[PDB]
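**Q** Below you will find the structure I want to go over with you.
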Amino acid sequence: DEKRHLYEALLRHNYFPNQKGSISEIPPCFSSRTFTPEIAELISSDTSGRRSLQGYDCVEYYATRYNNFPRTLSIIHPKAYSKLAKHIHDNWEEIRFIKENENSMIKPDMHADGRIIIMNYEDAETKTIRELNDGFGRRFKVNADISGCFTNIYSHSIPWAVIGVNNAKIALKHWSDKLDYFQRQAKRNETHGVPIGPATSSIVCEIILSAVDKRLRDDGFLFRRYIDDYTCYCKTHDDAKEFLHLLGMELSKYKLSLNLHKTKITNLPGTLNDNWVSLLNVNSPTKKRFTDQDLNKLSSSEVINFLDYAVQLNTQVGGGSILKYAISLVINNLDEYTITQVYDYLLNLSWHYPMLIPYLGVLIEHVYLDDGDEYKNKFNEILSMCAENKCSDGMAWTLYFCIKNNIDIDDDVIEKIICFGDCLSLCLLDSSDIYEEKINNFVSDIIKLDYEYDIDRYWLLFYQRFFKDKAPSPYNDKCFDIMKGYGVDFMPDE
Amino acid sequence: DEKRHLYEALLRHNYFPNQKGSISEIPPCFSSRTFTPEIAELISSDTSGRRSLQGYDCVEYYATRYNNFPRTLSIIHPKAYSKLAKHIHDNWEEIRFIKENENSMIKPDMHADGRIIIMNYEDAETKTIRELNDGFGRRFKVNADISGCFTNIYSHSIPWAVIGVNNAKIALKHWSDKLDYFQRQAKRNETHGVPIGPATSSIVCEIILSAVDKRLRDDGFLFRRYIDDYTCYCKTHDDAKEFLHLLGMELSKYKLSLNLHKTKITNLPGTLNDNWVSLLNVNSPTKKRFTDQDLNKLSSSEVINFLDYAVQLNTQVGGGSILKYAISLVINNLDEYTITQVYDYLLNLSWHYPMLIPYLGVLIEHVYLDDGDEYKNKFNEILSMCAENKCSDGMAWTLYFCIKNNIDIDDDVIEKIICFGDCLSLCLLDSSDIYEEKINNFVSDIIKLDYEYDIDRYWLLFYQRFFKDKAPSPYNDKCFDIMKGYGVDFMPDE
Amino acid sequence: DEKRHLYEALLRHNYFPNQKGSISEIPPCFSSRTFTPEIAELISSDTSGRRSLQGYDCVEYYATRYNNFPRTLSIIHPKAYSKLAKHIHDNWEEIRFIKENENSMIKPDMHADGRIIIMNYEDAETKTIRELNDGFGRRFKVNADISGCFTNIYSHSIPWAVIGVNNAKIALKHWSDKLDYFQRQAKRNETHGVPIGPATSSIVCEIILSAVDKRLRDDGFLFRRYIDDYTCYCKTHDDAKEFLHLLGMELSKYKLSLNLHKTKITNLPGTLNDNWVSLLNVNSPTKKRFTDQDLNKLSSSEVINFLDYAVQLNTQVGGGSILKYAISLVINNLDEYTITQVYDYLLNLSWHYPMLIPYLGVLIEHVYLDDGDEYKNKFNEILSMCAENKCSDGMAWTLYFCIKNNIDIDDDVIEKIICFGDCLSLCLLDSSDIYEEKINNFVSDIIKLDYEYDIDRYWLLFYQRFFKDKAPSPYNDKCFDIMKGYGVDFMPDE
DNA sequence: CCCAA
DNA sequence: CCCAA
DNA sequence: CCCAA
Ligand SMILES: Nc1ccn([C@H]2C[C@H](O)[C@@H](COP(=O)(O)OP(=O)(O)OP(=O)(O)O)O2)c(=O)n1
Ligand SMILES: Nc1ccn([C@H]2C[C@H](O)[C@@H](COP(=O)(O)OP(=O)(O)OP(=O)(O)O)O2)c(=O)n1
Ligand SMILES: Nc1ccn([C@H]2C[C@H](O)[C@@H](COP(=O)(O)OP(=O)(O)OP(=O)(O)O)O2)c(=O)n1
Ligand SMILES: [Mn+2]
Ligand SMILES: [Mn+2]
Ligand SMILES: [Mn+2]
Ligand SMILES: [Mn+2]
Ligand SMILES: [Mn+2]
Ligand SMILES: [Mn+2]
């Protein structure tokens, strides 16, 4: 069944921000499996406990983008997420009209690993064929995206996009009103915005934007959208301005507006990908496959010169993930001679850009970690700068690398981790069990603060301490006991 | 004999604009073989008929350059061209002094296919050796070309360049005066300019410019010329200015002048080819030959990224045929997996630039033209764009592709073809025989206009309708009957 | 022993400017072997003769840099150099503290060929690993070099850097005061500057700059130096300014100052090499080794296009030896088909840039030098332009190529060689023996000038004429007779 | 080798 | 094929 | 690996 696949995707595969297909933003130690549909079915049925504050807060995660900009990912509290996933699954025969959208390329699908929503799983050549077919006969292209799409979704517009704005306002129950209520309860009983990273909020964004896609399709516009980014192919410039006007109208019906910084009109024939994609791919040392494994093993000079050229391209242009793409080009074709030099280059670059930190794990097995203690200083310096820069992806990834490889962590950098106080880094330190007393003091300060939302911001740390029998449940409800008795661990071992 | 080779080259190989060696501007359906020496010798002997207007007009052809600029090629009326070719050949012992010019790189030669004049047949490495030898010891280079060379040749300067300006003016018969008269009769009895595309007018341009080459050679200038483009290599900047002054003097003796837009002086060592030639060739996926056919078959990613990089370089520089060179680099090394994707890229690019339309025929055999009817809309959209842009090369090439592959043509674009009214497109539609009535109405309107020059502009269409016995001969002379009786078809089948 | 290796390095390997490891600035006909420590020990013991002028002048050599700038190399007179080398060797247990410097990368070492000091023998990958290790954790890099380092070394600062500035001034014998006196006698009894090219003056520069390296190391600065170029890696911009201030202080203690033109602060991550290094290496046709000799033999088009792209990169940037690196990339991977075309390209480029003249000797064997006399005009034109530009490296290299390949030299270019009057070109003409009378007139004019320094500027020519018994010794001392009796030839045959 | 002029 | 949105 | 400084 496909409805059951929705349930398993919502809880076990796309509860955490696992939407990135190439490499996960969150380290693989955190996971959402062994959280079955039956367990959320029990949690939604549970009525015990009482909370002074309406709604729930979420575990916060600040991931660096290509330009070192923070992106706010959220892990929803399992009570609110269990109710939301239950209500989404129980009415998928009313919701699955977002599956049959030809203008939304990123949408729920029945994938092999189980995830409904994977960003950029379709790969650039299937994108290339479609972009070539769409761009034919048109001489202008429009790139326009919503300004704050996920962060300013108005939750009460969820009923509107289901049944029309006017009919929903006149009717002021239906399933989408309850979906509105549950999506509000997911984030502090707040109507504006949705959490970023779970697939329930991406489903909500698909539900809202599918009405705009429908009313743009009915006017004969040939357009594609990737989440919030609309690309349009127009024969004339006036049709481009008319598409922009109609898109602004239909988004303004749902309290949404265009990002006019990124909204631009270019003259076809433009590059199908970005410019730096083609510049890196013509200069790539692995752009030709020789079908024998010895011939495509790159020497040290080739990889080093490609990485320096990529650094120059990223510094000169700065309009995309040049370094990310470039290191992912040449990281699997190394031989054992240049593993250490490329690892040193990646260590320097991953210090200078935290987004390149997750790559080290694919080269961390071949490099001898002990060596002359130098890599311990490497990782501690990266940890310290990650604490100063208040980034979560690099910080958690570096802690994962230190713990998984039995690499010692200094006390001063533990103190600045405490001062940073991001939830998932503290969950990793809790899993280390060395710093149990300092984690105890931190969660104790959260407890005597007496704020429900501050406990909700660290529910994952509190539940991980509860699962190893090191802390009582801060909540008076039985959701944590239901999760523990039925075996839910968010840091599972093999 | 070399004189006989001249006559066969003039009639069967270089009557049509066939000077491009890589790919013909005119589709292969139009041809000038089965127009033997004997038929031209008969037509020159014919004295029947009468014409109210002196001279003849020519079939007009508008070919897009690299920057989408129209270039006017002309197909001379076979009476005038037959007389002109006979007069050129019968005195080749007086004319062949243009063969022994070391400064004219493009000139008549005894080629394998039969053509006397092929532009850029020597290839860039034989050009490289000569350019390296010429550039040595000189630190300045001059690039200067005639402003409107073929379009502003004075016909009366043809006797001058044979016997001196002053001697010919004092003498005011000689063979060059009759060559003047015949070159005038080729284009409406007009002294100014020559038709572009036949080799008789290129022979005339060689005759005129060889005197300038002689009086530039006598002063010791080391220079080369490609038709009208003069390159010069000077040790000093003042020798460059003196070469420019002497070239201006000797061209002004023949009512000719330099294009000072393209006249520029650069500092050696400059590159032998253009810049984008070098950037395309260092980034080319086929720049190394592995001597086995499986290893140099390019994958889809390599060709797609090279074409995208070529599009970026053509947009950024815009100083040459970047896209033409780039697709000719990688079009023969494809495998069957990327054939359809490259065809889609070529279809989009050939819509955006008509000069890339002739390439499609090398990939039109492998691609299934029926498919899901999409390629018919591709070709019809390209046809409508070609009719809007008033280009003849892409429009006739697309007609050739539609007719040769049994691809249907919509009626609206047929009406827009007739509105355009190019001669060779109407010849192709005549060859299709579906649109016989509309072509009949068009040539009937031309007939009731009662203008000799308007019939001469479409003589090829009129003769093709006469050859299939669908229209009477508009001319009262017997040249068309001589051509029909002895078997001249300008759309011959194999 | 390592002290003996110092002696053999000082006399037989690094007396001449042989510090460049890739290709020697001086042609290999000039050499300093068969000049053993015994002969220099004899010359230092010799007390015969008398000189009116204190000190000695040195043979002058003007080598073009990458930007065609003249660099002044000097060949020290063998009396002064023998005394200086003996005094350097006899106290190496006091001097070898420059060997144990971790901040000086170019320093004396026990090399395989025998040289103590080779510029950039470490190769760019060993530099890459060290640069990656140093660049970690730092976000600013400082590049600062001494303004006139070798040309404005104060000789009296040689004692200071040995024993402290204040102690040496208070003491105003010690071995470093005698090293001061001998380094003064090496160049005209002048305190400012040292000759460039011998290793004794590089030893002196290491001695002076090691105190600055020590007092920069004691402050904890992580820095490297290549002769006079200091690179520093600072976490903060303030520490970068503090490093610049302290470097200025410690250099000003020794009458030295930074070149603020080349002193700059860049933001890490910057490229390990220069930019054009990476651009040339991603576009290099030989960047992949296929481990079979037939597959990496480059075709003509690849080398021609790479050289054209390199010419464009050198013209566009002009910040390094783009052409030197580029031709050294692809000169050993040629096959016999493109040898002549690449040799012609090198002939044109080596005319336009004399630095590329030494490369011709690696392709001069395969190219037939007789041919149609054209290469004789090539070499004579290059000789003439080398005479006009007053450059010594290309001029002497071209004389070496003409003499070694039995290529005739015209009389007019011999006359402008005479007018230029560089010493090593005249030594090569002396070795040719054709122009013995003109060399005799030139040295006779030097003799009747009656200036000791003007004889010292051509001591190499005078000694080479003495060794073939064609001229008497201009000096009244017995150093030349000691050198002749023990078999010292600076133009030795195999 | 593969363009243009 | 290998990014992002 | 292949330059410079
Ligand atoms: N790992 C994930 C999971 C989900 N999303 C969602 C949230 C974003 O709203 C949407 C794409 O929108 P943008 O990245 O363009 O971001 P915004 O719309 O918030 O802002 P802006 O237009 O200013 O960039 O993708 C994401 O970015 N990253
Ligand atoms: N297929 C052909 C056959 C012949 N020619 C001739 C006619 C041109 O006059 C000549 C070369 O001249 P240019 O292309 O430089 O063009 P013009 O001299 O007419 O103009 P301009 O200098 O403005 O470009 O080559 C051509 O261009 N194309
Ligand atoms: N063949 C050789 C042998 C030795 N050196 C030395 C002398 C130079 O002083 C030193 C490097 O310093 P710079 O080339 O930077 O030269 P300067 O310090 O004299 O000048 P500037 O900073 O203006 O370039 O290397 C050299 O350049 N070439
Ligand atoms: Mn957005
Ligand atoms: Mn977006
Ligand atoms: Mn012209
Ligand atoms: Mn310096
Ligand atoms: Mn021209
Ligand atoms: Mn320097």
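Letters for chains follow the order of the structure tokens (A, B, ...), residue numbers begin at 1 for each chain, and ligand numbers begin at 1 in the order shown.
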Any idea what's packed within 8 Å of residue 3 in chain E, counting only C-alpha atoms (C1' of nucleotides), ignoring anything in its chain fewer than 3 positions away? Could you give it as a PyMOL selection string?

**A** chain A and resi 320-322+324-325

**Q** Can those selected residues be exported to a file as a PDB file, in the first residue's frame so that it contains C-alpha atoms?

**A**
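Output below, filename result.pdb:
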```pdb
ATOM      1  CA  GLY A 320      26.710  28.615  -5.796  1.00  0.00           C
ATOM      2  CA  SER A 321      28.147  25.555  -4.096  1.00  0.00           C
ATOM      3  CA  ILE A 322      31.282  25.455  -6.232  1.00  0.00           C
ATOM      4  CA  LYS A 324      30.751  21.294  -2.562  1.00  0.00           C
ATOM      5  CA  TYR A 325      30.212  20.154  -6.161  1.00  0.00           C
TER       6      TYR A 325
END
```

**Q** Given a cut-off of 12 Å, what residues near ligand 9 show up using only C-alpha atoms (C1' of nucleotides) and all ligand atoms, put as an MDAnalysis selection string?

**A** (chainID C and resid 106 119 143:150 225:231 258:263) or (chainID F and resid 4:5)

**Q** Point out the residue among B:153, B:223, B:331, B:391 with the least atom-to-atom distance to ligand 6, counting only C-alpha atoms and all ligand atoms.

**A**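 Checking each of B:153, B:223, B:331, B:391 against ligand 6, counting only C-alpha atoms and all ligand atoms, the winner is B:153.
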
**Q** Residues of range 283-488 of chain B classed as alpha helix (DSSP H) by DSSP on the backbone are to be reported as a count of residues only.

**A** 123

**Q** Using only C-alpha atoms and a distance of at most 10 Å, pull out the residues of chain C that contact chain A, as a VMD selection string.

**A** chain C and resid 124 to 126 128 to 139 268 to 284 287 to 291

**Q** If we count only C-alpha atoms (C1' of nucleotides), what is near residue 2 in chain F at a cut-off of 9 Å, once residues fewer than 6 positions away on the same chain are taken out, given as a PDB file with C-alpha atoms, in the first residue's frame?

**A**
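Result written to out-v4.pdb:
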```pdb
ATOM      1  CA  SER C  22      65.044  23.245 -13.633  1.00  0.00           C
ATOM      2  CA  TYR C 325      55.645  26.726 -16.815  1.00  0.00           C
ATOM      3  CA  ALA C 326      53.432  25.997 -19.831  1.00  0.00           C
ATOM      4  CA  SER C 328      57.955  23.037 -19.500  1.00  0.00           C
ATOM      5  CA  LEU C 329      54.692  21.100 -19.080  1.00  0.00           C
ATOM      6  CA  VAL C 330      54.434  19.798 -22.651  1.00  0.00           C
TER       7      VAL C 330
END
```

**Q** Can you measure CA of residue 116 in chain A to CA of residue 198 in chain A for me? One decimal in Å is fine.

**A**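 Computing it gives 10.6 Å between the two atoms.
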